[PDB]
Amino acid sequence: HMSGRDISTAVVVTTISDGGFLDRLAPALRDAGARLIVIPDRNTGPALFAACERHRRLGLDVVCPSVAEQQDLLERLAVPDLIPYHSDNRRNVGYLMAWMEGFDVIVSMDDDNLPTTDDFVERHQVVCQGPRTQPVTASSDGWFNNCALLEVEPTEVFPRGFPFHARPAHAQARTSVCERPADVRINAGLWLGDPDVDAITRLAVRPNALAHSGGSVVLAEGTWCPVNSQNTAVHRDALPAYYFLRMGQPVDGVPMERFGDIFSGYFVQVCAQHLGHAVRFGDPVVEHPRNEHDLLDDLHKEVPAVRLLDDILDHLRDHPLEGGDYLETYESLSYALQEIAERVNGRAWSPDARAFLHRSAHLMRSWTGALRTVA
């Protein structure tokens, strides 16, 4: 008479579209009874609110808090300046809302990611499995390429946020699997169509993801892979470390963008491994008919971040973190970044580059303080 199993899932999507994406996203979420938290912005038209109510009458537990309601909640948490407007950083509101409402699983998605299977929510519930002995995947160079789990034309690619200095030698890395205890708390689902690559790779080969052929893997301690926020489930205990980093900080006078989830993906990952938890890559797989972007503009935004990421990732392996839970571990991580900001050296490490990590660390602790205020 095994009963009592009931995992709650909330899907977080921020968007400025008219809401037409709900026609293909609602069926998977409606069949599973999950909640969808749509976060609009000041540049979001009134057609999105009309689409949420239309799908709410069809059985979808969808909410769409207006910017006034969002700002009131942030005001009451003493963080009115934390989350800016006209930015997809406002998905942090949905993360916080789902965390306050006690959901077990928080699935971050974008408005151009459509589930391909009916068990989309169920597959993301893997972050609630708990610790068990299971096949974990280790890599001799400390990196795993989740795009090697996909059939990609015209050539092999690496995901967005993968360090560039490790790519040429990655072909000689030794991949091994063995039975070990692991506790999956983050599940990064893969994507067909336009894979999550950086603008450099997209401008070079225009990749196309044909099929998910590699299955799913759980990464052992010491093996990393970037985690995005377009098809990623985070267990509610790990959510405090999943704050979407604020963009716009200049590197050599060039404002960075498009890497908010590259940092959050690595940050929640180094926090999970310090607490004995793991990151999973594989199913559920979505289609990514990506919104229309100017690739040269995407390149101009990503370069300031890619100029620093390899150094930051290298120094993060040197810093030991402290903390008993994800709140304390994330705060310890924020102070680790401030020490890294002054020790790292290179041509790209101008005074505004070093100060980027200092303001990021403050906003990280402003985010955890808001969660502590909610208690």
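The first residue of the shown sequence is 1; numbering continues from there. Heads up, when I say rigid core I mean the largest set of C-alphas that superpose within 1.5 Å between the two forms.
Rigid core superposition result in 4 other deposited structures of this protein, more deviant of 162-170, 291-299 by Cα: Higher average C-alpha offset in 4 other deposited structures of this protein goes to 291-299.
Is 282-290 or 119-127 the stretch whose C-alphas end up farther from this model in 4 other deposited structures of this protein after a rigid core fit? Once the core is superposed, the stretch further away in 4 other deposited structures of this protein is 282-290.
166-174 versus 87-95 - which carries the larger mean C-alpha B factor in the record: Comparing 166-174 with 87-95, the higher average CA B-factor belongs to 166-174.
For the higher mean C-alpha B factor in the entry, choose 175-183 or 236-244. Mean C-alpha B-factor is greater for 175-183.
Sorting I340, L308, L36, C52 by Cα temperature factor from the record, which one lands on top? If I rank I340, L308, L36, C52 by C-alpha B-factor, first place goes to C52.
Selection from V197, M100, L219, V270 [criterion: highest C-alpha temperature factor in the record]: The listed residue with the largest C-alpha B-factor is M100.
Rank-wise, by C-alpha B-factor, drop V152 into the lowest, middle or highest third of its chain. CA B-factor rank for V152: highest third.
Sorting the chain's CA B-factors, does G214 end up in the lowest, middle or highest third? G214: CA B-factor falls in the highest third of its chain.
Where does the C-alpha B-factor of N231 rank in its chain, lowest, middle or highest third? For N231, the deposited C-alpha B-factor lands in the middle third.
C-alpha B factor of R354, ranked within the chain: lowest, middle or highest third? Ranked within chain, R354 CA B lands in the lowest tercile.
Using the B-factor values recorded in the entry, state whether the Cα atom of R365 falls in the lowest, middle or highest third among the modelled residues of its chain. For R365, whose C-alpha B-factor we compare with every modelled residue in the chain, the answer is the middle third.
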